[PDB]
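Trainee: The following block contains the structure, expressed as structure tokens.
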There are 2 protein chains.
Amino acid sequence: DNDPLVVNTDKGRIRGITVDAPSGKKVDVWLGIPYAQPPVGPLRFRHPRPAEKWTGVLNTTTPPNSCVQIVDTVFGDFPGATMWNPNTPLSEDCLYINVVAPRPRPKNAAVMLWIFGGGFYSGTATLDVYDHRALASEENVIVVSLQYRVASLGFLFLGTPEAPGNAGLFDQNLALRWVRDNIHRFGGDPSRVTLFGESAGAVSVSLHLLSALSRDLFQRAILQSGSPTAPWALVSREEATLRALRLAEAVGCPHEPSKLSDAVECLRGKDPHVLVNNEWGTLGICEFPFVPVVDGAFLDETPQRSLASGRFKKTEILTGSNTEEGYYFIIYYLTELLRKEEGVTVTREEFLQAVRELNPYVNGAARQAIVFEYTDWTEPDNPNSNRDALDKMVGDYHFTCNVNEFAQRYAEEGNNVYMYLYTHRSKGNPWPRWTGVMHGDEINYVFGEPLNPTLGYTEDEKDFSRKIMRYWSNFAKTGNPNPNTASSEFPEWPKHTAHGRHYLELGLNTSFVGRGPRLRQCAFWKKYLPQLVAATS
Amino acid sequence: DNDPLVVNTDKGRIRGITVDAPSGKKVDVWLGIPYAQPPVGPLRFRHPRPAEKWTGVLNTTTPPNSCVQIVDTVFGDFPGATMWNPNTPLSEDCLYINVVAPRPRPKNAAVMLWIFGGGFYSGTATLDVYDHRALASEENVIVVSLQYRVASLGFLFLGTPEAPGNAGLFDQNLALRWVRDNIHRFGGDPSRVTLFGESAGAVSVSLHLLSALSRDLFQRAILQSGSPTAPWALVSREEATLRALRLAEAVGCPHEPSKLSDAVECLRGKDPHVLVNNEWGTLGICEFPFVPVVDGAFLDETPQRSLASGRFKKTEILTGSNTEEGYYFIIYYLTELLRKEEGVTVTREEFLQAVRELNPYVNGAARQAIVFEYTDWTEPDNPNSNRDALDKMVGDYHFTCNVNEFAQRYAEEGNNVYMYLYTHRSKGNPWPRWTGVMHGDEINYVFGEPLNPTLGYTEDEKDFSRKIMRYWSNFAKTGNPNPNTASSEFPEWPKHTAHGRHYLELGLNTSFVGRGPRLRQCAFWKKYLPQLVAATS
Ligand SMILES: *[C@@H]1O[C@H](CO)[C@@H](O)[C@H](O[C@@H]2O[C@H](CO)[C@@H](O)[C@H](O)[C@H]2NC(C)=O)[C@H]1NC(C)=O
Ligand SMILES: *[C@@H]1O[C@H](CO)[C@@H](O)[C@H](O[C@@H]2O[C@H](CO)[C@@H](O)[C@H](O)[C@H]2NC(C)=O)[C@H]1NC(C)=O
Ligand SMILES: [N+]
Ligand SMILES: [N+]
């Protein structure tokens, strides 16, 4: 074949299609390249098998199925809630990759691989927000995305080999090995693969930096609002087995800890949709029913012990938090208070009740430590203050501080870190104004969604998008986000060093460099509060 | 008589002298007017008696004796230390008043009454720092100062009428009633007397605001770096009696808690100096052996309870702190760490040990609550941060926070309050640069010492002194430190309201208005830590 759009992968030939980006610039896309045997029937819960080789030319030309998950119907057809909802048909047969190359096609260029996040229970590579075409065209990078199994279908653990856990991670791993073996034919460099993800995607990206198996499969990592040391990232395998048996019971299957073989077999028989819909029960804020576990294969120790011993890939890291990480999660959980409407406020009575519900595992001397740390003492009863106080305590404990820890441990092991604090509200944000810059607002801007002429992004926001797209891209290219010739419209990004802890604020009219961010609160959660609960128990 | 320099005081007549001020302007001074029968012999430890009438005229021209006290000598003949050492012969006969009037003599001027503060163990009205001549001439106000018995000689408590306690406070009280009777003859209005003091002197004027016997003796109050709720201000009756018997035991007297009249009789025999030198046993930082006690007459309840119930004089108060209150007392206490050297620093290990030596009563969980609250979490190990940390944790608990509490409590009850933060370090400072603006640095500017050209104060400092002398003065006059016109040279000083809690920063180039000061830390000491120590035993 002399036809550029056909590519001969290790398992067969595939045909892509030439499409315009929203920006107008033309790119070459390959949608739904199968990288694994569909994990159906006997293969459910288990690790993926490589794809069977196919005879002829396969048209990899249609956005692939998204994996079986719940749909967010709590706010109805609210555009802020539905943008995260899967936009393709749901199927167990969902293990597919997407490749987008720029035109003119490069001979050998950087590869930016996007692992999506949804708290390991939801998400798809096919979301309209993850605009591959805009990033690939504007930065000259091969943009790659993968679909991995999610929820119980991707992370069920029972201790047995028929449910060994981390299926979704081995899905990602296998997909990385595919990129290694094939990305050169699309014009990428199998040695310059940069993994980048948000939330559970960032947790995944970080787990690949830790993992023994996916170690030599990529070069660099960008981690948006996530780290492997986060509370929700992993569960004890003692708990994971219980969550699984409680799900077995909930769907009407044998749930005896002795006959675990009876459990998996029955579970393999049930409909995937009823399976993913009965996972939720008594769960606190920011804790998800089925997530990664320390299995022995992908991870043989907790991320804590991995970070401590310094056992992680020696590479550059770009990482950062948003200003209001918590709000999003405090809206869904704790729904009666803090509802979806403008100008909502929290009383001192309600704040005191919330810290009890948002931290239901601390003895009470610790709750007082929290109420003191997360209260504005210049005006202790202020209704706005007591609301924003809730966002910070959730945002710090579950997100911002875990990101900080990871970045710091990489920094003192002698690796170049680049820390950001994303502080920009989109002018047409559908959410109430009090939410501010929430969890995963940067995603639109990193994917060049403002450049879409059919959308109402301002001229300033279009610059800001191109700005952070460059930062991200040439980090994936060079290992450093700064321009080679040191520009002024592109401010400097100091290295997040162990002793200095410097971060760059990402907003419209700023080049501000701070330290942390939020150092006092992180020391509260990491240093002070643990030794208090020890002293009071 | 027709000589202006002689005045017919109710108990006799006195002759003063006209003398120049450092400003060049002249004033009339009366120095060492006896307001009480000398508290010698059987009258030691007891409340003062009014002085006997004298025939003829009395030369009140030379500065009076200072009360028997310990002499600071740990830094030898060092300018920083010696300025607080007594500058007149030490005598048990020391109860005298000083009156300084401007020229030309006013008819019914405002009266500013200065109560000195040497931590209730030291001090004298005669100190060159307190020189009244400048304040009187420059602000056109008659300035008064009193001597009160200090240390055990003025504050020995046993519970018996022989040693009832608060002799020094009754010394102060009798001086107030003297002012009311006689101040009109000097050109003062006995209805508009405002008390102002610093440290122990400030907690003295605060106790007059609380006392039943003092409430109709003055009009307003200025309280520099002191409040009646300060931990060092009062001691329990149990302690005060045990402190007394230990003084009896150390000096070689009967010390049995059965027969107390044997102890006091013996103590009346011993030398005044041998008595004040042996009172210093094992006392923590900012702990003074002989201080005011809730006796029954001068105070019949703790200032804590008196503040809670709102039982204090309805009147305007002007109060505030310095930035480095703690350093002074640490310098003397922790003598081996942070000595009187230039550029001294504290290691993290030395800081962790210091918090135990500075808070020797908290359990251990509370020690850790302190170390967390007083760590610069930007650079947790920084030698400068860890040294400055010691100043703050001492200065807050013992000074700043208690001043805040009193000011707010007065404001809450509907009284007009004016809070200051004194941040100006004098250029010609004898102490090392790291000490900053220490306890009692404001005194020099309050009394107009920069207006003495022989002391070489800078031109901006000369204006700064006139600025704060005015604030103080027209507060004593009007009840508000602001002038009528409000020009740029005299910035606005907003009221310290219950919810606002505004303070004016008193520095050279500044005009800044803040909240507090140091709200989070006062909330730490008044709210969090007390409830933490209770939860942990
Ligand atoms: C897409 O893949 C299908 C088979 O799944 C393949 O048939 C298409 O090629 C086209 O096949 C048509 C036969 O029904 C034929 O009419 C058409 O000419 C042919 N196109 C070409 C270029 O040979 C695949 N699409 C494309 C664009 O080839
Ligand atoms: C001050 O009080 C003394 C008390 O003895 C008094 O003596 C002074 O008056 C002066 O007294 C002197 C007696 O030695 C006498 O020589 C002198 O004339 C007299 N001074 C006069 C009248 O001006 C008192 N002060 C003053 C200045 O008299
Ligand atoms: N999300
Ligand atoms: N002092």
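In the structure tokens, chains take the letters A, B, ... in the order shown, each chain's residues start at 1, and ligands count up from 1 in the order shown.
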Following superposition of chain B onto chain A on all C-alpha atoms, paired in order, what is the C-alpha RMSD to one decimal in Å?
Mentor: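 It is 0.3 Å.
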Trainee: Select the residues contacting ligand 4 at a distance of at most 7 Å, based on only C-alpha atoms and all ligand atoms, then format the selection as a VMD selection string.
Mentor: chain B and resid 84 117 to 118 199 439 to 440
Trainee: Print the selection's residues with N, CA and C atoms to a file, as a PDB file, in the first residue's frame.
Mentor:
```pdb
ATOM      1  N   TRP B  84      16.134  50.674  82.336  1.00  0.00           N
ATOM      2  CA  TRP B  84      15.027  50.170  83.149  1.00  0.00           C
ATOM      3  C   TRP B  84      15.394  50.043  84.623  1.00  0.00           C
ATOM      4  N   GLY B 117       5.527  50.165  84.708  1.00  0.00           N
ATOM      5  CA  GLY B 117       5.360  48.719  84.730  1.00  0.00           C
ATOM      6  C   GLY B 117       6.647  47.931  84.646  1.00  0.00           C
ATOM      7  N   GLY B 118       7.127  47.473  85.798  1.00  0.00           N
ATOM      8  CA  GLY B 118       8.306  46.619  85.852  1.00  0.00           C
ATOM      9  C   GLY B 118       7.984  45.183  86.220  1.00  0.00           C
ATOM     10  N   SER B 199       2.805  47.295  80.253  1.00  0.00           N
ATOM     11  CA  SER B 199       3.086  46.002  80.885  1.00  0.00           C
ATOM     12  C   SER B 199       2.313  45.851  82.202  1.00  0.00           C
ATOM     13  N   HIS B 439       9.043  44.373  73.531  1.00  0.00           N
ATOM     14  CA  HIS B 439       8.210  44.871  74.613  1.00  0.00           C
ATOM     15  C   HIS B 439       8.740  46.206  75.140  1.00  0.00           C
ATOM     16  N   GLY B 440       7.906  47.240  75.069  1.00  0.00           N
ATOM     17  CA  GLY B 440       8.238  48.540  75.648  1.00  0.00           C
ATOM     18  C   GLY B 440       9.072  49.472  74.788  1.00  0.00           C
TER      19      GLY B 440
END
```
Trainee: If we count only C-alpha atoms and set the cut-off at 8 Å, which residues sit around residue 495 of chain A, ignoring sequence neighbours fewer than 4 positions away in its own chain? Please answer as an NGL selection string.
Mentor: :A and (416-419 or 501-503)
Trainee: Store the residues of this selection in a file with N, CA, C and O atoms, as a PDB file, in the first residue's frame.
Mentor:
```pdb
ATOM      1  N   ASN A 416      13.160  16.665  37.920  1.00  0.00           N
ATOM      2  CA  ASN A 416      12.573  17.961  37.589  1.00  0.00           C
ATOM      3  C   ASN A 416      11.050  17.933  37.628  1.00  0.00           C
ATOM      4  O   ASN A 416      10.411  17.247  36.831  1.00  0.00           O
ATOM      5  N   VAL A 417      10.482  18.681  38.567  1.00  0.00           N
ATOM      6  CA  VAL A 417       9.035  18.745  38.740  1.00  0.00           C
ATOM      7  C   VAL A 417       8.534  20.113  38.290  1.00  0.00           C
ATOM      8  O   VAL A 417       9.243  21.111  38.416  1.00  0.00           O
ATOM      9  N   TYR A 418       7.321  20.149  37.744  1.00  0.00           N
ATOM     10  CA  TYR A 418       6.680  21.404  37.362  1.00  0.00           C
ATOM     11  C   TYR A 418       5.256  21.462  37.910  1.00  0.00           C
ATOM     12  O   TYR A 418       4.350  20.787  37.407  1.00  0.00           O
ATOM     13  N   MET A 419       5.085  22.264  38.961  1.00  0.00           N
ATOM     14  CA  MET A 419       3.825  22.356  39.692  1.00  0.00           C
ATOM     15  C   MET A 419       3.003  23.557  39.238  1.00  0.00           C
ATOM     16  O   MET A 419       3.541  24.651  39.058  1.00  0.00           O
ATOM     17  N   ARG A 501       9.803  24.419  46.540  1.00  0.00           N
ATOM     18  CA  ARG A 501       8.388  24.084  46.300  1.00  0.00           C
ATOM     19  C   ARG A 501       7.614  25.095  45.451  1.00  0.00           C
ATOM     20  O   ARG A 501       6.436  25.356  45.703  1.00  0.00           O
ATOM     21  N   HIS A 502       8.275  25.643  44.435  1.00  0.00           N
ATOM     22  CA  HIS A 502       7.689  26.692  43.600  1.00  0.00           C
ATOM     23  C   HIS A 502       6.631  26.185  42.620  1.00  0.00           C
ATOM     24  O   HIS A 502       6.814  25.151  41.967  1.00  0.00           O
ATOM     25  N   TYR A 503       5.525  26.925  42.526  1.00  0.00           N
ATOM     26  CA  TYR A 503       4.447  26.615  41.583  1.00  0.00           C
ATOM     27  C   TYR A 503       4.063  27.826  40.737  1.00  0.00           C
ATOM     28  O   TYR A 503       4.248  28.966  41.159  1.00  0.00           O
TER      29      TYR A 503
END
```
Trainee: Quick one: pick out all strand (DSSP E) residues within segment 180-367 of chain B from a backbone DSSP run and write them as an NGL selection string.
Mentor: :B and (188-198 or 220-224 or 317-322)
Trainee: Quick one: pick out all helix (DSSP H, G or I) residues within segment 308-510 of chain A from a backbone DSSP run and write them as a PyMOL selection string.
Mentor: chain A and resi 308+327-332+348-358+365-373+383-411+433-435+443-446+459-478
Trainee: Write the residues you've just listed into a file as a PDB file, in the first residue's frame, and include C-alpha atoms for each of them.
Mentor:
```
ATOM      1  CA  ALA A 308       9.078   6.034  50.758  1.00  0.00           C
ATOM      2  CA  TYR A 327     -17.053  21.579  45.642  1.00  0.00           C
ATOM      3  CA  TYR A 328     -17.877  19.186  42.773  1.00  0.00           C
ATOM      4  CA  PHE A 329     -17.859  16.187  45.136  1.00  0.00           C
ATOM      5  CA  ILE A 330     -19.658  18.032  47.946  1.00  0.00           C
ATOM      6  CA  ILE A 331     -22.508  18.828  45.527  1.00  0.00           C
ATOM      7  CA  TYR A 332     -23.240  15.169  44.683  1.00  0.00           C
ATOM      8  CA  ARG A 348     -21.790  27.808  61.522  1.00  0.00           C
ATOM      9  CA  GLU A 349     -24.335  25.212  62.681  1.00  0.00           C
ATOM     10  CA  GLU A 350     -24.290  23.534  59.260  1.00  0.00           C
ATOM     11  CA  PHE A 351     -20.495  23.748  58.914  1.00  0.00           C
ATOM     12  CA  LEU A 352     -20.056  21.979  62.263  1.00  0.00           C
ATOM     13  CA  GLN A 353     -22.427  19.244  61.080  1.00  0.00           C
ATOM     14  CA  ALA A 354     -20.668  18.917  57.716  1.00  0.00           C
ATOM     15  CA  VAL A 355     -17.142  18.288  59.077  1.00  0.00           C
ATOM     16  CA  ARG A 356     -18.739  15.417  61.016  1.00  0.00           C
ATOM     17  CA  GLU A 357     -20.179  13.918  57.810  1.00  0.00           C
ATOM     18  CA  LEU A 358     -17.258  14.749  55.501  1.00  0.00           C
ATOM     19  CA  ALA A 365     -10.461  15.695  69.094  1.00  0.00           C
ATOM     20  CA  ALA A 366      -9.475  15.512  65.429  1.00  0.00           C
ATOM     21  CA  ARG A 367     -12.757  17.110  64.297  1.00  0.00           C
ATOM     22  CA  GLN A 368     -11.989  20.103  66.546  1.00  0.00           C
ATOM     23  CA  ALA A 369      -8.535  20.231  64.945  1.00  0.00           C
ATOM     24  CA  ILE A 370     -10.292  20.392  61.583  1.00  0.00           C
ATOM     25  CA  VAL A 371     -12.886  23.030  62.585  1.00  0.00           C
ATOM     26  CA  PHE A 372     -10.021  25.183  63.878  1.00  0.00           C
ATOM     27  CA  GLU A 373      -7.841  24.708  60.785  1.00  0.00           C
ATOM     28  CA  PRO A 383     -21.841  32.201  55.657  1.00  0.00           C
ATOM     29  CA  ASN A 384     -19.593  32.415  52.560  1.00  0.00           C
ATOM     30  CA  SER A 385     -16.505  31.562  54.602  1.00  0.00           C
ATOM     31  CA  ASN A 386     -18.134  28.450  56.094  1.00  0.00           C
ATOM     32  CA  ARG A 387     -19.072  27.237  52.593  1.00  0.00           C
ATOM     33  CA  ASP A 388     -15.623  27.801  51.038  1.00  0.00           C
ATOM     34  CA  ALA A 389     -14.191  26.157  54.159  1.00  0.00           C
ATOM     35  CA  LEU A 390     -15.953  22.927  53.173  1.00  0.00           C
ATOM     36  CA  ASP A 391     -14.481  22.979  49.657  1.00  0.00           C
ATOM     37  CA  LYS A 392     -10.963  23.435  51.027  1.00  0.00           C
ATOM     38  CA  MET A 393     -11.032  20.613  53.578  1.00  0.00           C
ATOM     39  CA  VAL A 394     -12.322  18.133  50.983  1.00  0.00           C
ATOM     40  CA  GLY A 395     -10.141  19.599  48.212  1.00  0.00           C
ATOM     41  CA  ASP A 396      -6.994  19.437  50.350  1.00  0.00           C
ATOM     42  CA  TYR A 397      -7.362  15.989  51.944  1.00  0.00           C
ATOM     43  CA  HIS A 398      -8.508  14.164  48.809  1.00  0.00           C
ATOM     44  CA  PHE A 399      -6.642  16.133  46.113  1.00  0.00           C
ATOM     45  CA  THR A 400      -4.315  19.172  46.470  1.00  0.00           C
ATOM     46  CA  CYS A 401      -2.206  17.719  49.300  1.00  0.00           C
ATOM     47  CA  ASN A 402      -1.739  14.295  47.733  1.00  0.00           C
ATOM     48  CA  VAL A 403      -0.547  15.982  44.519  1.00  0.00           C
ATOM     49  CA  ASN A 404       1.906  18.020  46.623  1.00  0.00           C
ATOM     50  CA  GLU A 405       3.292  14.931  48.384  1.00  0.00           C
ATOM     51  CA  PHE A 406       3.927  13.104  45.088  1.00  0.00           C
ATOM     52  CA  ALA A 407       5.597  16.146  43.500  1.00  0.00           C
ATOM     53  CA  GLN A 408       7.761  16.637  46.589  1.00  0.00           C
ATOM     54  CA  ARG A 409       8.906  12.989  46.714  1.00  0.00           C
ATOM     55  CA  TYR A 410       9.860  13.191  43.032  1.00  0.00           C
ATOM     56  CA  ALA A 411      11.696  16.467  43.672  1.00  0.00           C
ATOM     57  CA  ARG A 433     -20.729  31.243  40.638  1.00  0.00           C
ATOM     58  CA  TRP A 434     -19.780  30.143  44.170  1.00  0.00           C
ATOM     59  CA  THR A 435     -18.260  26.886  42.857  1.00  0.00           C
ATOM     60  CA  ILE A 443      -9.446  19.760  30.681  1.00  0.00           C
ATOM     61  CA  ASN A 444     -11.273  21.960  28.136  1.00  0.00           C
ATOM     62  CA  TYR A 445      -8.273  24.268  27.889  1.00  0.00           C
ATOM     63  CA  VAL A 446      -5.568  21.570  27.610  1.00  0.00           C
ATOM     64  CA  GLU A 459     -10.455  35.889  22.677  1.00  0.00           C
ATOM     65  CA  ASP A 460      -8.456  35.930  25.935  1.00  0.00           C
ATOM     66  CA  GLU A 461      -9.540  32.373  26.781  1.00  0.00           C
ATOM     67  CA  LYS A 462      -8.404  31.283  23.295  1.00  0.00           C
ATOM     68  CA  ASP A 463      -4.901  32.626  24.013  1.00  0.00           C
ATOM     69  CA  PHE A 464      -4.872  30.994  27.458  1.00  0.00           C
ATOM     70  CA  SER A 465      -5.801  27.642  25.904  1.00  0.00           C
ATOM     71  CA  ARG A 466      -3.029  27.872  23.282  1.00  0.00           C
ATOM     72  CA  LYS A 467      -0.695  28.949  26.101  1.00  0.00           C
ATOM     73  CA  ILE A 468      -1.261  25.889  28.295  1.00  0.00           C
ATOM     74  CA  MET A 469      -1.386  23.602  25.246  1.00  0.00           C
ATOM     75  CA  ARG A 470       2.149  24.742  24.456  1.00  0.00           C
ATOM     76  CA  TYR A 471       3.291  24.283  28.078  1.00  0.00           C
ATOM     77  CA  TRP A 472       1.920  20.725  28.072  1.00  0.00           C
ATOM     78  CA  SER A 473       3.213  19.861  24.581  1.00  0.00           C
ATOM     79  CA  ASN A 474       6.857  20.961  24.813  1.00  0.00           C
ATOM     80  CA  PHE A 475       7.058  19.295  28.231  1.00  0.00           C
ATOM     81  CA  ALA A 476       6.135  16.109  26.357  1.00  0.00           C
ATOM     82  CA  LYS A 477       8.722  17.138  23.761  1.00  0.00           C
ATOM     83  CA  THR A 478      11.674  18.349  25.851  1.00  0.00           C
TER      84      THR A 478
END
```
Trainee: Tell me, counting only C-alpha atoms, for each residue of chain A within 8 Å of chain B, which pair of atoms is nearest and how far apart they are in Å to one decimal, in rows ordered by chain and increasing number, as CSV.
Mentor:
```
residue,atom,partner,partner_atom,distance
A:365,CA,B:535,CA,6.7
A:368,CA,B:528,CA,7.5
A:369,CA,B:528,CA,7.7
A:372,CA,B:528,CA,6.7
A:376,CA,B:520,CA,8.0
A:377,CA,B:520,CA,5.5
A:378,CA,B:519,CA,6.1
A:379,CA,B:499,CA,7.5
A:499,CA,B:379,CA,7.6
A:515,CA,B:378,CA,7.1
A:516,CA,B:378,CA,7.7
A:519,CA,B:377,CA,5.9
A:520,CA,B:377,CA,5.4
A:523,CA,B:377,CA,7.2
A:524,CA,B:372,CA,7.8
A:528,CA,B:372,CA,6.6
A:532,CA,B:365,CA,6.8
A:535,CA,B:365,CA,6.7
A:536,CA,B:536,CA,7.0
```
Trainee: Output C-alpha atoms of each residue in that selection to a file, as an mmCIF file, in the first residue's frame.
Mentor:
```
data_model
loop_
_atom_site.group_PDB
_atom_site.id
_atom_site.type_symbol
_atom_site.label_atom_id
_atom_site.label_comp_id
_atom_site.auth_asym_id
_atom_site.auth_seq_id
_atom_site.Cartn_x
_atom_site.Cartn_y
_atom_site.Cartn_z
ATOM 1 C CA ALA A 365 -10.461 15.695 69.094
ATOM 2 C CA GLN A 368 -11.989 20.103 66.546
ATOM 3 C CA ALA A 369 -8.535 20.231 64.945
ATOM 4 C CA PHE A 372 -10.021 25.183 63.878
ATOM 5 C CA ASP A 376 -11.717 32.007 58.896
ATOM 6 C CA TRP A 377 -10.966 33.540 62.302
ATOM 7 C CA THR A 378 -11.300 37.159 61.128
ATOM 8 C CA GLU A 379 -15.024 36.373 60.745
ATOM 9 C CA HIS A 499 13.496 22.905 49.299
ATOM 10 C CA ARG A 515 5.094 28.171 47.032
ATOM 11 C CA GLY A 516 3.114 24.979 47.632
ATOM 12 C CA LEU A 519 1.578 24.302 52.516
ATOM 13 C CA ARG A 520 0.092 24.820 56.003
ATOM 14 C CA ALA A 523 1.207 19.740 56.787
ATOM 15 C CA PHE A 524 -2.030 19.600 58.797
ATOM 16 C CA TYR A 528 -0.232 17.063 62.479
ATOM 17 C CA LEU A 532 -3.156 13.582 66.973
ATOM 18 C CA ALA A 535 -2.254 10.380 70.667
ATOM 19 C CA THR A 536 -6.028 10.287 71.276
#
```
Trainee: When the cut-off is 12 Å and you count only C-alpha atoms and all ligand atoms, which residues lie near ligand 3, shown as JSON, numbers by chain?
Mentor: {"A": [72, 80, 81, 82, 83, 84, 85, 86, 116, 117, 118, 119, 120, 121, 122, 123, 124, 125, 127, 129, 130, 197, 198, 199, 200, 201, 202, 224, 225, 226, 325, 328, 329, 438, 439, 440, 441, 442, 443, 444]}
Trainee: Grab me every residue within 8 Å of ligand 2, counting only C-alpha atoms and all ligand atoms, and send it over as a ChimeraX atom specification.
Mentor: /B:15,57-59
Trainee: Keeping only N, CA, C and O atoms, take the residues you just selected and write them out as a PDB file, in the first residue's frame.
Mentor:
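The result, written out as result-v4.pdb:
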```
ATOM      1  N   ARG B  15       6.658  73.517  97.066  1.00  0.00           N
ATOM      2  CA  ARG B  15       7.284  74.427  96.114  1.00  0.00           C
ATOM      3  C   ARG B  15       7.972  73.651  95.000  1.00  0.00           C
ATOM      4  O   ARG B  15       8.859  72.833  95.256  1.00  0.00           O
ATOM      5  N   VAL B  57       6.762  75.257 104.141  1.00  0.00           N
ATOM      6  CA  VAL B  57       6.769  74.870 102.733  1.00  0.00           C
ATOM      7  C   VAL B  57       7.742  73.707 102.493  1.00  0.00           C
ATOM      8  O   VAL B  57       8.777  73.603 103.159  1.00  0.00           O
ATOM      9  N   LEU B  58       7.393  72.833 101.552  1.00  0.00           N
ATOM     10  CA  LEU B  58       8.214  71.668 101.229  1.00  0.00           C
ATOM     11  C   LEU B  58       8.805  71.772  99.823  1.00  0.00           C
ATOM     12  O   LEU B  58       8.072  71.916  98.844  1.00  0.00           O
ATOM     13  N   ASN B  59      10.133  71.710  99.739  1.00  0.00           N
ATOM     14  CA  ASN B  59      10.849  71.722  98.462  1.00  0.00           C
ATOM     15  C   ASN B  59      10.579  70.448  97.657  1.00  0.00           C
ATOM     16  O   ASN B  59      11.198  69.412  97.909  1.00  0.00           O
TER      17      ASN B  59
END
```
Trainee: Taking only C-alpha atoms and all ligand atoms into account, list the residues no farther than 12 Å from ligand 1, as a PyMOL selection string.
Mentor: chain A and resi 3+5-6+13-18+55-62
Trainee: Residues of the last selection are to be written out with N, CA and C atoms, as a compact mmCIF listing (two decimals), in the first residue's frame.
Mentor:
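Just written: again-v3.txt:
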```
# COMPACT_ATOMS: atom_id res chain seq x y z
N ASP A 3 -1.00 4.07 0.01
CA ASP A 3 -2.03 4.90 0.64
C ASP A 3 -1.64 5.21 2.09
N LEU A 5 -3.30 6.55 4.60
CA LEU A 5 -4.34 6.33 5.61
C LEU A 5 -4.48 4.88 6.08
N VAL A 6 -3.94 3.94 5.32
CA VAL A 6 -3.85 2.56 5.80
C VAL A 6 -2.53 2.36 6.53
N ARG A 13 -4.13 -4.87 9.14
CA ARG A 13 -4.16 -3.56 8.49
C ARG A 13 -5.40 -2.78 8.91
N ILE A 14 -5.21 -1.47 9.11
CA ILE A 14 -6.30 -0.58 9.50
C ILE A 14 -6.37 0.64 8.59
N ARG A 15 -7.59 1.11 8.32
CA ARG A 15 -7.79 2.34 7.54
C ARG A 15 -8.41 3.44 8.39
N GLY A 16 -7.78 4.61 8.35
CA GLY A 16 -8.30 5.80 9.03
C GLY A 16 -8.95 6.76 8.06
N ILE A 17 -9.26 7.96 8.55
CA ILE A 17 -9.94 8.98 7.75
C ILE A 17 -9.39 10.38 8.04
N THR A 18 -9.37 11.23 7.01
CA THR A 18 -8.96 12.62 7.15
C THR A 18 -10.16 13.49 7.53
N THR A 55 -7.83 -10.69 9.19
CA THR A 55 -7.59 -10.80 7.76
C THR A 55 -8.26 -9.65 7.00
N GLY A 56 -7.48 -8.99 6.14
CA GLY A 56 -7.99 -7.88 5.34
C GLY A 56 -7.67 -6.52 5.93
N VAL A 57 -8.42 -5.50 5.48
CA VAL A 57 -8.27 -4.14 5.98
C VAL A 57 -9.48 -3.75 6.82
N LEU A 58 -9.23 -3.37 8.07
CA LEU A 58 -10.29 -2.93 8.97
C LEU A 58 -10.39 -1.41 8.98
N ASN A 59 -11.59 -0.90 8.74
CA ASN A 59 -11.84 0.53 8.82
C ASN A 59 -11.95 0.98 10.27
N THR A 60 -10.83 1.45 10.81
CA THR A 60 -10.82 2.01 12.16
C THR A 60 -11.20 3.49 12.04
N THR A 61 -12.50 3.74 11.94
CA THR A 61 -13.00 5.01 11.43
C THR A 61 -14.23 5.58 12.18
N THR A 62 -14.66 4.87 13.22
CA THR A 62 -15.86 5.24 13.98
C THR A 62 -15.55 5.24 15.48
```
Trainee: With only C-alpha atoms as the atoms that count, which of B:513, B:36, B:163, B:263 lies nearest to residue 176 of chain B?
Mentor: B:36
Trainee: Which of these, A:155, A:19, A:254, A:8, has the shortest distance to residue 235 of chain A once you count only C-alpha atoms?
Mentor: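 Smallest distance to residue 235 of chain A is found for A:155.
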Trainee: Just how far from atom CA of residue 485 of chain A is atom CA of residue 514 of chain A, in Å to one decimal?
Mentor: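 Rounded to one decimal, the two atoms are 23.6 Å apart.
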Trainee: Kindly give the distance, in Å, that separates atom CA of residue 298 of chain A and atom CA of residue 141 of chain A, rounded to a single decimal.
Mentor: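 Computing it gives 28.7 Å between the two atoms.
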Trainee: Near residue 294 of chain A, within 9 Å and counting only C-alpha atoms, which residues show up once chain neighbours fewer than 5 positions away are dropped, as a VMD selection string?
Mentor: chain A and resid 165 to 166 234 to 237 299 to 303
Trainee: Write out as a ChimeraX atom specification each polymer residue whose atoms come within 10 Å of residue 284 of chain B, counting only C-alpha atoms; drop sequence neighbours fewer than 3 positions from it.
Mentor: /B:281,287-288,333,357-361
